[PDB]
Amino acid sequence: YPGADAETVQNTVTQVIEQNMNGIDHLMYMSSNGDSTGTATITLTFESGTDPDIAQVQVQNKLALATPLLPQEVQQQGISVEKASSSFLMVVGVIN
Amino acid sequence: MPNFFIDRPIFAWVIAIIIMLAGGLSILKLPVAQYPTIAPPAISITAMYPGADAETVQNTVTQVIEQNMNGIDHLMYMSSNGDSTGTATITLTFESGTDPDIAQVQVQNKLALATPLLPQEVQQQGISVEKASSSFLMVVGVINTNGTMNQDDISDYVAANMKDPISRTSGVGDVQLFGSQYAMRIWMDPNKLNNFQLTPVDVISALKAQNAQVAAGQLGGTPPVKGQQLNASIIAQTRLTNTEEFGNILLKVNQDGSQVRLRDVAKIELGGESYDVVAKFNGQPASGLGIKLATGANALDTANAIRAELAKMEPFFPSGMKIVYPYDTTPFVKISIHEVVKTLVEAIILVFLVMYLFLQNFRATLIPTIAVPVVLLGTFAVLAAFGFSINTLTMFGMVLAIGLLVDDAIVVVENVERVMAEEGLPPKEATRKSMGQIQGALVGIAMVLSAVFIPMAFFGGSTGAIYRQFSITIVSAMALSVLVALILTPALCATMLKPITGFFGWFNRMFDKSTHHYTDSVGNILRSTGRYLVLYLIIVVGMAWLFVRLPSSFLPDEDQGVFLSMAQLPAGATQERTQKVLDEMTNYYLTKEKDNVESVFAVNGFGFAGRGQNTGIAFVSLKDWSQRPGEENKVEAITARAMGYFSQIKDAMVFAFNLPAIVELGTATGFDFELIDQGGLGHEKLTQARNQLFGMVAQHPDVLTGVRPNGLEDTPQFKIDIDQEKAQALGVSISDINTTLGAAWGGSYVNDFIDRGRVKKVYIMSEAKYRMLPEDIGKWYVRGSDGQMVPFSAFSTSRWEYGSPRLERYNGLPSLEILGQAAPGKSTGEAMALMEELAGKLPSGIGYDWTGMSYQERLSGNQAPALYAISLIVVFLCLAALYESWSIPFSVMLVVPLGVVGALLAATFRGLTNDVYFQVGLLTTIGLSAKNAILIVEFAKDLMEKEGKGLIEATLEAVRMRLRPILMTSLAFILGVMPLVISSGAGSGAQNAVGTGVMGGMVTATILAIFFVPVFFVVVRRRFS
Amino acid sequence: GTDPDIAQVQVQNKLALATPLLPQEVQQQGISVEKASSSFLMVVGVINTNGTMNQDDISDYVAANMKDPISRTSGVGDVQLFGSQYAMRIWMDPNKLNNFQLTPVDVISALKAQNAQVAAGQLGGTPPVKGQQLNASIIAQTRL
Amino acid sequence: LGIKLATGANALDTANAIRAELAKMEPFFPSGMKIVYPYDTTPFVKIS
Amino acid sequence: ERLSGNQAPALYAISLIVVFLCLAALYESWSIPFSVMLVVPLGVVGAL
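Residues numbered from 1 in each chain as written, not as in the entry; some residues may be left out. Chains lettered and ligands numbered in written order. Part of a larger assembly, values for the part shown. Heavy atoms only, no water.

Looking at the entry header, you'll see cryo-EM listed as the method and 3.42 Å as the resolution.

With that out of the way, let us pick up the overall build of chain D. Along the backbone of chain D there are two helices and two strands. Secondary structure elements of chain D occur, N-terminal to C-terminal, as β-α-β-α. The dimensions of chain D, computed from C-alpha atoms along their principal axes, are 35 × 20 × 15 Å. For chain D, the exposed area adds up to about 2700 Å²; of that, 58% sits on carbon and sulfur atoms. Distance from the positive charge centre (5 side chains) to the negative charge centre (4 side chains) of chain D: 3 Å. (Helix = DSSP H or I, 4+ residues; strand = E, 2+ residues; numbered from the N terminus. Areas by Shrake-Rupley, 256 points an atom, 1.4 Å probe, with all protein chains shown as cover. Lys, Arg positive; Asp, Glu negative; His and termini not counted. Charge placed at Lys NZ, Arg CZ, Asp CG, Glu CD.)

Residue position: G131 of chain C is located in the loop between β3 (122-123) and β4 (136-139). Along the backbone, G131 of chain C and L41 of chain C are 90 residues apart, and their C-alpha atoms lie at a distance of 65 Å.

Moving on: helix α26 (residues 734-744) of chain B. Taken across its eleven residues, α26 of chain B has nine buried, putting it largely inside the fold. Turning to α26 of chain B, its buried residues number three or more, namely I734, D736, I737, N738, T740, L741, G742, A743 and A744 of chain B. (Buried < 20%, exposed > 50% of the residue type's maximum accessible area, 1.4 Å probe, protein only.)

On the surface, a cluster of negative charge is made up of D557, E631, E632 and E636 of chain B. Within the secondary structure, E631 of chain B sits in the loop between β20 (619-622) and α23 (635-646). (Patch = residues over 30% accessible without salt bridge, like charges linked within 9 Å, V, L, I, M, F, W, Y side chains within 5 Å. Salt bridge = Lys/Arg side-chain N within 4 Å of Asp/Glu carboxyl O.)

This paragraph deals with the pairing of strand β24 (residues 715-722) of chain B. Extensive coverage of β24 of chain B is indicated by the burial of six of its eight residues. The pairing of β24 of chain B with strand β29 (residues 796-803) of chain B spans eight bridges and is classified as antiparallel. The residue of β29 of chain B that forms the bridge with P716 of chain B is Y802 of chain B. Summarising the sheet, β24 of chain B and β4 of chain C pair through two bridges and their orientation is parallel. Bridge assignment links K719 of chain B to a residue of β4 of chain C, and that residue is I139 of chain C. (Pairing = 2+ DSSP bridges.)

Residue and element names in this part refer to chain B. Viewed as axis vectors pointing N to C, helix α16 (residues 402-422) and helix α35 (residues 964-976) meet at an angle of 145°, and their least axial separation amounts to 9 Å. Regarding α16 and α35, the two cross each other, and that crossing is right-handed. In this structure, α16 uses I402, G403, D407, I410, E414, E417 and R418 to contact α35, whose residues at the interface are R964, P965, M968, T969 and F973. For the contact of α16 with α35, a count of residues per class yields five nonpolar, two polar and five charged. (Axes fitted to C-alpha atoms, helices over the stretch in contact; angles between N-to-C directions. Left-handed = near helix turned anticlockwise from the far one by under 90°. Contact = heavy atoms within 4.5 Å. Nonpolar A, V, L, I, M, F, W, Y, C, P; charged D, E, K, R; others polar.)

This paragraph deals with the packing of α16 of chain B against helix α33 (residues 916-946) of chain B. All names here are of chain B. Close contact between α16 and α33 brings their axes to 10 Å; oriented N to C, the two are set at 20°. Considering their axes alone, α16 and α33 lie roughly parallel with respect to each other. Crossing geometry of α16 relative to α33 is assigned as right-handed. Facing α16, whose interface residues are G403, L404, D407, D408, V411, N415 and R418, α33 presents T924, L928, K931, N932, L935 and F939. Across the contact of α16 with α33, the residue classes break down as five nonpolar, four polar and four charged. (Parallel < 35°, antiparallel > 145°, perpendicular 65-115°, else oblique.)

Okay, the interface of chain C and chain A next. Residue-level contacts link seven residues of chain C with eleven residues of chain A. Across the interface of chain C and chain A, roughly 720 Å² is buried in total on both sides, 55% from carbon and sulfur atoms. If you sort the residues of chain C by the area they bury against chain A, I6, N13 and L17 of chain C come out on top, with a joint share of 53%. Our enumeration of links across chain C and chain A arrives at zero salt bridges. For the interface between chain C and chain A, the tally reads one residue pair in polar contact. Taken together, the residues of the side of chain C that touches chain A sort by class into four nonpolar, two polar and one charged. (Buried area = accessible area lost by both parts, 1.4 Å probe. Polar contact = N/O pair within 3.5 Å; in protein donor to acceptor, adjacent residues only side chain to side chain.)

All names here are of chain B. Looking at the largest cavity, its volume works out to about 160 Å³. Those elements giving two or more residues to the lining of the largest cavity turn out to be α24 (683-697) and β30 (807-810). Per-element accounting of the lining of the largest cavity gives the leading share, three residues, to α24. (1 Å grid on protein atoms, 1.4 Å probe; cavity = no way out; pocket = protein on both sides within 12 Å on 5 of 7 lines; lining within 4 Å. Points joined across faces, edges and corners; volume = space filled by probe spheres on them.)

Okay, here's the thing in C-alpha cells:
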C-alpha cells in the first residue's frame, strides 16, 4: 500500500485480511506486521502435516472475499500468496 | 478363532480392551454436525452494480462472466440471474464429491481474468466468490431495546467490535454480516446546486481529489549525500475522517469572492451502505451475524463457545443493546443426539431383562452387556477411520444396527446355554461344541449382510451421499459384531457361565408347553406343503400391491422450532407498504400465538424468489419444545392456522411454510424445469412461450398440479430518452448527463476514507425528497458548454414501458424457471416425462432442461434396479457357498417378502411414506429376517447331514432348537425400538419413519418366518432331490 | 506426475502480479491461462448444404450457439475456433473523414458516448420518504 | 472447433461426452447446416 | 518446545499401558506382566 504510514497500513490492510483469514483448516498461529515502507505481510503457520499446496489454495481462496474491502490502491499493486521459508538455504556471493 | 480364544480368555480381553479404548479416544475427536455433506458443491459469484436496471446487470456483468467461464473441471450446470437492485449471482454446481476447495479457486481464477472486461463500477464494488452449499450453524442477532439508534448504528457496531472475537472462536469457519458498516453518505440538493451553478460531476471531482493519499518517500533516503546524519519518513496529505471535515471541502469560488463549500450544497451524515433491506425484531431495529461452521468441529461445542464469548462482551454493549438468537440448530442437534443414546442404553437394559426372563441366571445376561458396548465403541473407531462425523444420519444409521448387534450376541450365548442344559457338557467345553455349530454360519452372515448394504453405498447424487452414511455405519457395526462374536463372546461364555415356582417357574412351564405345541403346528403344515405354498403367493402380491401404493418422499419434516413466512406484494409496491404488511403479520404471531412464538425476525425487501421493495420474510422462532405440549402446538399445526388467517389479507400474497428437513438443499419435492431460449428469440418471445405452456398444462390437472413460475412478472418501469441531437445543440456532453442522471438517482461510490481505524466508503446520492416522482426529472440541471445550465426537460423525453425486474439465464442462455410437483397418486417420473412432451410442441428454438433435484433424479433413478441385481446375485453366491449347494439358497432368499410385508402394512396404516429412512428400515428387516432363516436351514442341514435324520424329522428339530433365540431377538429388538415409534417430540419425524418401518416389519418377519422357512426348506429339498 | 491443477494455480498466482503491468489493450482483450496440450484432440467441422451462408455466417453460429457449451464440458481444456464471431465493423473512410474535419479519435468518443448503456437508479429507491406509493426502475439509453 | 484435451483427462471419455453434447444442438440448426467430423484421433484409441 | 513438554506425560502413560496389554496377551496372565513392568523404573533411573 504505497505511501502509507505504519499505523494506517496496519489499520486498513492487515486488519481486514487478518479478520477474513481465521477459520482455515489446520491453523496453528497467525503473525502479521506492517512497516513504514507500506508493506504489510501476514504469515500463517499451519499444523505440522497439512498439505502445504492445499493450504495455499484455502488461504488464496479466502483472500478473495477480503480483497474488495482493501483500499482501492492495494488492488492495483496486487497481493502475493506463496509458501515462505524463514532462513536461507545458502548464499551465492559474486565479486570482481 | 473361537476354538483358539476359548482357552485363551486373557488374549480376548486385550483385543476387547484395545477396541474399547479406540472408541473412547475417537469419541473425543469425532466431529458433530446436524447433517454431513449432502448437496453437491456450489459456488456463487455475486457482483454488485449500484443503481442498475435489471437488463443492465445481464448485458454487461452476467453475460461477460458466463462467456469467460471456460475450462472448469467437473462442472454440472451453470445458472445465473440478475435482479433489479444491481446484484447478479452465478451458481455453478459441480459433480458430487469433487474437492470444493479446488473447485472454488478454479472458479475464482477464471473470474479474475474476466474482471477487467466488466464495467468500472462492478470492479470497484468487488466480485465475491463464495460457497453456497454450506448452511448456517446459527444466526446471532443484536437488537436495540431503547430504540436510540437505527440498524445502521447497530450494524456498524457489530462489524467493529463483535465480528472479530466471534470469527476467532474455535471452529467458526465463516462469519457473515447481515448489514453494512457506516459509510459517509452525502445527500445532494438539486435546488442548491443550480443556485451555485454546480453539477454532480463537480461534486465527484472534488471528492476524488481531496481525500487521496501520497507517497512522500523519505527525508534523506538512499542514496544520501556524504556526511548525512538524519533519516526519517515523510507523511503527506492523509484522508479525512470527520463529517465536518467533509463539509469544508471547497467546491467552487464565486466570482464575487465568496466560498461555496460542500456543506452548503448537500447534507452530510453517517449512513448505511445500502437501504435495500430493513431488518426488525418484534418491531425493533436489529442486525445479525450468520455464523457458519468450520469443517471438522463440534457443532455443540462451537455454539457453546460463541454463547460464552458473547457473555464476555455483555457489559461492554452500549446501553440499549441485547443479544438474541432467532435461529439456532445446536439445541435440535442436542435432542436428536441424546434421544439416540437413550435408545442405545435402553436396548442394553432390555437385552439384560429379556434374557433374564428366558435363561434365569445373572452370569448369562452379563455376556451381551459386555459384548454389545464393545462393538458400539469399536464402530466409532472404524467410523472415525473413514473420516465420518456423528450426525442425525449415522446415529439413526446405528440405532438400526442395534438389532444386528443383539442377534449376534443372543445367538452365541443362547446356543451355548442350550447345550449345557441339553447335553450337560461343562461350560469350558460346551462353548467348544456350541461354536462348532454356528462358526460357519456367522462368517456367512457377515458376507451376506455385507452383500446387501455395500451396494447401497454405490448410489449417485444427493441420495448416494445419504445412503453412504447408513451403509458404512451398518456394515462397520455388522462386521465388528461378527468378529467380536467369534473372538470375545466365546471367551466370556466359558469363563463366566457355570454348569447346570412363582413367576419364572410358571413362565418356563407355559413356554415349554408353547414350544411343544409350535412343533406340532409345523408338523401339521409339513404334511400339506402344497396348500401353504399358495399363501406364499397371496402374501407376495400383497407386498407388491402395497409397495406401489406407498407414496415416495425424500425425508420427513421435523419441528425444528423455526418456520419461515413469505410475503409478496403487487408489482411496484414500495418499502413503506411492505413494512405495513410485515407489521400486521408480526402482530398476529405475537397476539394469536403469544404462547408459542418467541420472536419474529421481520426482514424486509429480501426474498428467496427475488429481491426488491415488494417482498419480505420473517424467520419466526418458536418457544422451546418443552413449552409446546400436544400436537396442537407443532409447526405443522401452527402453519395451517397461519395459512388460514393470511388468506384474508388484501394486497399481499402472504403464505407461510416450514423449513425443509435438510436446509442445505431446497424443497426437494416435485420437479424443476427450465424453459431455455435456444434460438435467441429474446425475452419477450420466451414469455409468450411460457404462457403457452401454462395455458396447456391446464389440460392435465390430474398429473401436473401446482405448476407455477419462480421468477418475477414484468412490471412498469420509467424510460428516459436523451435526445442526442438536442444535447449537442445545447452543448451538453452525453457523458455528463449519464453521470448526473446516474449519480443523482442511482447513487455513486466515489472513494474510501479512514475512520476509527477502519476504511469506509463514501456515497453520493440525491436527497430522498428530490428523486421520487417523474416530475422531479425536470428539477435537475446540468452545465452547458457556455456555463449556462439546462434542465432535463429540455433535452429528455420520458415514457412508461414494461420490463422484467429479474432476468434469468441457464447454461449461458435465457430461461424461465418453472416449478411444480406431480399430482397425488402419480409418480414424479410420469409427471416429469409428461412435461417433456408438453414442452416439445412449443415454438421452434425453445428447448428445455432439468435442473436442481430433477437433474439428479434423472441420473439416480437408473441405478435403482441395477444395484439390486448385483446385490441379489452376490447374496445367492454367498449362500450357495455356505450351504454347499445350488438349490438350498432358494429357501433363504424366499423369506425376503415375509419381512417387507410387515413394514409396508404398518407404514400404510400409519400413513407414512417410502422416504429414505423407510428404505433403510426395510434392509435391516430383510437383513435380520434372513439371519433368523440362515440358521434354521443350516441347523436342519447340519442335523440331516451328520446324524442322518430324515428330512421331515430334521426340520422339526431345527425349528424347535431355534425358537428361543428368534423370540428374544424379536422381543428385545421390538421393545427396544418402541420408544422410537411413540415419540412425538423434537426430531420425531425421523424417529417415526425408522421406528414404524422396523417394528411393523419385524413383527410379521418373526411370525411368518418361523412358520415358512421350515416349509421352504422341505419343499426345496423335496423337489431338488 | 505433477498435479496439473495445482500447477495452474501457482502459474496463475504469479501471473496476477504482472497483469497490472501489461498494456491496457492486452487486459481488455483478455488473457487466458489454459492447461491444454498443443495437439488437437479432434475437430468438429461445420458446413451448409444450401451454400447461402459464407465462411463467416457459419462461424458466428459455431461461436454463438456451439462454442460456449463445448469449452465447459468436463475434460476439455481449450476450444479454438476456426473463424470469427460477429462484431460490428466500422469501415472508416479517410477521404470523407477529412471532408467533415474529423479523426478516428472523434469516432471513438462518439461510440463510447452513444453506444453506452448507463445504470440509472430507480424511482424513489431506498431510502424513501414517508408516504411513497410507487417504485419503478429508471432506464436510459442502452447498447445499440 | 479445434478441441484440445486438458492434461490428466481421458481422451476417449472426453470425446464420448463431446459427441453427446452436439446431439443436443443438432435439432436446432437452421436449414442446411450440418456437422461433419474431418479429423479426430479418438477412434484409433477405440478401434485399435 | 512447549508442545513437546505438554504431551510427554501422555506418551509415557499410553506406551506403558500398551505394553501391559501386549504382555498380558502373550503371557495369558494379569500378574506376570505386573512382574515385568516393575523393572522399568530400574531402567529409567539409569538414564536420568
